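Q: What follows is run-v7.pdb, made up of PDB, C-alpha atoms (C1' of nucleotides):
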```
ATOM      1  CA  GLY K 546     -11.480 -62.364  37.442  1.00  0.00           C
ATOM      2  CA  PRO K 547      -8.419 -60.467  36.209  1.00  0.00           C
ATOM      3  CA  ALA K 548      -6.625 -63.768  35.537  1.00  0.00           C
ATOM      4  CA  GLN K 549      -9.893 -65.662  34.935  1.00  0.00           C
ATOM      5  CA  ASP K 550     -11.349 -63.410  32.233  1.00  0.00           C
ATOM      6  CA  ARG K 551      -8.184 -64.233  30.288  1.00  0.00           C
ATOM      7  CA  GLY K 552      -9.205 -67.863  30.770  1.00  0.00           C
ATOM      8  CA  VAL K 553     -12.545 -67.076  29.126  1.00  0.00           C
ATOM      9  CA  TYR K 554     -10.709 -65.318  26.287  1.00  0.00           C
ATOM     10  CA  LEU K 555      -8.396 -68.297  25.746  1.00  0.00           C
ATOM     11  CA  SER K 556     -11.363 -70.674  26.005  1.00  0.00           C
ATOM     12  CA  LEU K 557     -13.600 -69.061  23.385  1.00  0.00           C
ATOM     13  CA  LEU K 558     -10.555 -68.424  21.163  1.00  0.00           C
ATOM     14  CA  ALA K 559      -9.680 -72.139  21.475  1.00  0.00           C
ATOM     15  CA  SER K 560     -12.868 -74.014  20.535  1.00  0.00           C
ATOM     16  CA  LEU K 561     -13.330 -71.683  17.537  1.00  0.00           C
ATOM     17  CA  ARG K 562      -9.921 -71.425  15.823  1.00  0.00           C
ATOM     18  CA  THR K 563      -9.949 -75.176  15.133  1.00  0.00           C
ATOM     19  CA  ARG K 564     -13.127 -74.824  13.059  1.00  0.00           C
ATOM     20  CA  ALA K 565     -13.734 -72.493  10.120  1.00  0.00           C
ATOM     21  CA  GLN K 566     -15.264 -69.594  12.098  1.00  0.00           C
ATOM     22  CA  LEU K 567     -11.939 -67.999  13.022  1.00  0.00           C
ATOM     23  CA  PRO K 568     -12.982 -64.500  11.844  1.00  0.00           C
ATOM     24  CA  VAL K 569     -14.776 -63.236  14.946  1.00  0.00           C
ATOM     25  CA  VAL K 570     -16.086 -59.818  15.996  1.00  0.00           C
ATOM     26  CA  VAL K 571     -16.430 -58.950  19.691  1.00  0.00           C
ATOM     27  CA  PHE K 572     -18.979 -56.240  20.477  1.00  0.00           C
ATOM     28  CA  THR K 573     -17.375 -54.672  23.527  1.00  0.00           C
ATOM     29  CA  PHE K 574     -19.628 -52.015  25.060  1.00  0.00           C
ATOM     30  CA  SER K 575     -16.904 -49.677  26.358  1.00  0.00           C
ATOM     31  CA  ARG K 576     -14.325 -47.623  24.471  1.00  0.00           C
ATOM     32  CA  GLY K 577     -11.935 -47.958  27.416  1.00  0.00           C
ATOM     33  CA  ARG K 578     -11.872 -51.674  28.197  1.00  0.00           C
ATOM     34  CA  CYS K 579     -11.913 -52.483  24.469  1.00  0.00           C
ATOM     35  CA  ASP K 580      -8.194 -51.709  24.333  1.00  0.00           C
ATOM     36  CA  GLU K 581      -7.790 -53.482  27.677  1.00  0.00           C
ATOM     37  CA  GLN K 582      -9.003 -56.723  26.098  1.00  0.00           C
ATOM     38  CA  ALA K 583      -6.374 -56.670  23.348  1.00  0.00           C
ATOM     39  CA  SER K 584      -3.616 -55.418  25.665  1.00  0.00           C
ATOM     40  CA  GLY K 585      -3.847 -58.350  28.065  1.00  0.00           C
ATOM     41  CA  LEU K 586      -3.705 -61.263  25.610  1.00  0.00           C
ATOM     42  CA  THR K 587      -0.544 -60.474  23.591  1.00  0.00           C
ATOM     43  CA  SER K 588      -0.407 -63.882  21.836  1.00  0.00           C
ATOM     44  CA  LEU K 589      -2.673 -65.022  19.040  1.00  0.00           C
ATOM     45  CA  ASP K 590      -0.360 -64.995  15.954  1.00  0.00           C
ATOM     46  CA  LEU K 591      -3.256 -66.073  13.708  1.00  0.00           C
ATOM     47  CA  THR K 592      -1.429 -65.195  10.493  1.00  0.00           C
ATOM     48  CA  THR K 593       0.603 -67.108   7.924  1.00  0.00           C
ATOM     49  CA  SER K 594       4.076 -65.902   6.976  1.00  0.00           C
ATOM     50  CA  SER K 595       2.855 -65.330   3.406  1.00  0.00           C
ATOM     51  CA  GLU K 596       0.030 -63.050   4.564  1.00  0.00           C
TER
ATOM     52  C1'   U Z   1     -20.020 -50.713  34.246  1.00  0.00           C
ATOM     53  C1'   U Z   2     -20.573 -44.187  30.437  1.00  0.00           C
ATOM     54  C1'   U Z   3     -22.170 -45.864  23.458  1.00  0.00           C
ATOM     55  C1'   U Z   4     -23.638 -42.815  18.335  1.00  0.00           C
ATOM     56  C1'   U Z   5     -23.477 -38.212  15.301  1.00  0.00           C
ATOM     57  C1'   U Z   6     -23.226 -32.893  14.198  1.00  0.00           C
ATOM     58  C1'   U Z   7     -19.697 -30.360   5.601  1.00  0.00           C
ATOM     59  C1'   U Z   8     -16.097 -25.621   4.670  1.00  0.00           C
ATOM     60  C1'   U Z   9     -11.013 -20.469   4.161  1.00  0.00           C
ATOM     61  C1'   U Z  10     -16.099 -14.887  -2.559  1.00  0.00           C
ATOM     62  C1'   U Z  11     -17.116 -16.455  -7.922  1.00  0.00           C
ATOM     63  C1'   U Z  12     -14.686 -13.101 -12.074  1.00  0.00           C
ATOM     64  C1'   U Z  13     -10.992 -10.627 -15.489  1.00  0.00           C
ATOM     65  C1'   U Z  14      -7.977 -10.710 -22.440  1.00  0.00           C
ATOM     66  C1'   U Z  15     -10.401  -1.696 -20.341  1.00  0.00           C
ATOM     67  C1'   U Z  16     -11.025   3.158 -25.121  1.00  0.00           C
ATOM     68  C1'   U Z  17      -9.207   8.337 -24.368  1.00  0.00           C
ATOM     69  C1'   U Z  18      -6.931  12.935 -30.181  1.00  0.00           C
ATOM     70  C1'   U Z  19      -3.259  18.732 -24.772  1.00  0.00           C
ATOM     71  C1'   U Z  20       0.675  23.097 -23.575  1.00  0.00           C
ATOM     72  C1'   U Z  21       4.228  29.337 -20.244  1.00  0.00           C
ATOM     73  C1'   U Z  22       0.886  33.041 -18.280  1.00  0.00           C
ATOM     74  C1'   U Z  23      -4.073  34.216 -16.521  1.00  0.00           C
ATOM     75  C1'   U Z  24      -6.974  40.205 -13.726  1.00  0.00           C
ATOM     76  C1'   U Z  25      -6.383  47.635 -12.223  1.00  0.00           C
ATOM     77  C1'   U Z  26      -4.776  52.351  -8.596  1.00  0.00           C
ATOM     78  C1'   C Z  27      -4.884  59.241  -9.952  1.00  0.00           C
ATOM     79  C1'   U Z  28      -2.831  64.434 -10.865  1.00  0.00           C
ATOM     80  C1'   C Z  29       2.370  65.689  -9.174  1.00  0.00           C
ATOM     81  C1'   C Z  30       6.464  74.331  -8.034  1.00  0.00           C
ATOM     82  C1'   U Z  31      13.995  71.084  -9.568  1.00  0.00           C
ATOM     83  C1'   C Z  32      15.903  78.449  -5.671  1.00  0.00           C
ATOM     84  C1'   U Z  33      19.534  82.887  -7.971  1.00  0.00           C
ATOM     85  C1'   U Z  34      27.326  86.099 -10.834  1.00  0.00           C
ATOM     86  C1'   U Z  35      26.208  85.411 -16.272  1.00  0.00           C
ATOM     87  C1'   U Z  36      26.633  85.956 -21.354  1.00  0.00           C
ATOM     88  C1'   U Z  37      27.369  80.354 -22.322  1.00  0.00           C
ATOM     89  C1'   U Z  38      33.959  79.517 -22.142  1.00  0.00           C
ATOM     90  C1'   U Z  39      36.521  78.029 -26.698  1.00  0.00           C
ATOM     91  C1'   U Z  40      43.483  79.825 -30.149  1.00  0.00           C
ATOM     92  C1'   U Z  41      47.943  77.799 -28.058  1.00  0.00           C
ATOM     93  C1'   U Z  42      51.750  73.730 -26.443  1.00  0.00           C
ATOM     94  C1'   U Z  43      53.640  69.730 -23.838  1.00  0.00           C
ATOM     95  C1'   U Z  44      49.759  62.642 -23.133  1.00  0.00           C
TER
END
```
Show this structure as structure tokens.
A:
Amino acid sequence: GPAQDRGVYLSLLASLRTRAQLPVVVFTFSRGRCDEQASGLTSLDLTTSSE
RNA sequence: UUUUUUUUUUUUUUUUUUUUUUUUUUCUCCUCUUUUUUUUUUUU
């Protein structure tokens, strides 16, 4: 769902940032919805202030 | 629920020269009448 796919995004991005496999590549099969994925999350902040 | 790839505005430059206005034709050709020729001279 529109609000449930975000749940999937914040589920996979939760049980993987704790462990060492934080670098992740998502092979989206559409040039259009690829930007839609990043647009509707808006909060990961996976960067240190030094980086 | 629609991915991936398909180049672009020709290369060249560090060659010598010791002439001179013009330019080139036109043929022989019946002159009508008072004359010898007047004359010094002086006032500029």
Q: I need the residue set behind the PyMOL selection byres ((chain Z) within 12 of (chain K)) for this file; please write it as a ChimeraX atom specification.
A: /Z:1-3
Q: Find the distance between atom CA of residue K:591 and atom CA of residue K:562 and write it in Å to one decimal.
A: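 Computing the Euclidean distance for atom CA of residue K:591 and atom CA of residue K:562 yields 8.8 Å.
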Q: What is the distance, in Å and to one decimal place, between atom CA of residue K:589 and atom CA of residue K:559?
A: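 Interatomic distance, atom CA of residue K:589 to atom CA of residue K:559: 10.3 Å.
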Q: One number please: atom CA of residue K:581 to atom CA of residue K:596, in Å, one decimal.
A: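 The value is 26.2 Å.
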Q: Could you state which residues are captured by the PyMOL selection byres ((chain K and resi 582-587) around 12) in this file, as a list in words?
A: residues 547, 548, 549, 550, 551, 552, 553, 554, 555, 558, 571, 572, 573, 574, 575, 576, 577, 578, 579, 580, 581, 588, 589, 590 and 591 of chain K
Q: Step by step, gather every atom of stretch 17-31 of chain Z that the file lists, find the box along x, y and z that holds them, add 5 Å on each side, and finally give centre and edge lengths in Å to one decimal, as lines of an AutoDock Vina configuration file.
A:
```
center_x = 2.4
center_y = 41.3
center_z = -19.1
size_x = 33.2
size_y = 76.0
size_z = 32.1
```
